[PDB]
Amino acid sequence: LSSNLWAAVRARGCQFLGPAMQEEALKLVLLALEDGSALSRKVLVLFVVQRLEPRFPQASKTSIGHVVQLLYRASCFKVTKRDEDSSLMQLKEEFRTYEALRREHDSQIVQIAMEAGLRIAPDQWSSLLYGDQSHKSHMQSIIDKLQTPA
């Protein structure tokens, strides 16, 4: 099940790196962008990988870039285009807290599960994204929003 989910996520250029690593990865993206700073993908990945590497040997520019792409696909960024340079990404104002960023992140993964026709219960979501059975309610409300309102 989880195997099928993560394969579907990577199929789209994104990655979930497990509960602990993803939490720290997101918190570092937020550290860089929560104040409106506008970073190229280059600089954003550099900032994050540098801090991650010592606890998480798996951290590389490729795997962090895939986390960035997950947030990008989730439309979390305001992009500033420039021909005569690299495009810059800012966190949209509504996503400059961890709660909101993490909600949108988790929503994108649930959306990928749907796209893939992979059907998943709120108890499993908690296991997969958080490693515990503490977030099934958080994950229920995320499902609710992707479905027809009551």
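Note that residue numbering follows the sequence shown and begins at 1.
Point to revise | Selected stretch [higher average CA B-factor]: 99-107 or 35-43 | key: Mean CA B-factor is higher for 99-107.
**Study point:** Residue stretch of maximal mean CA temperature factor, 65-73 vs 118-126
**Key:** The recorded data point to 118-126.
Review point. Can you tell me which third, lowest, middle or highest, the CA B-factor of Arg51 falls into for its chain?
Key: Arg51: CA B-factor falls in the middle third of its chain.
Practice item. Among all modelled residues of this chain, ranked by Cα B factor, put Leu88 in the bottom, middle or top third, i.e. lowest, middle or highest. Key: Its C-alpha B-factor belongs to the lowest third of this chain's values.
Practice item. For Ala59, return the chain-relative third of its C-alpha B-factor as stated in the PDB record: lowest, middle or highest. Key: Its C-alpha B-factor belongs to the highest third of this chain's values.
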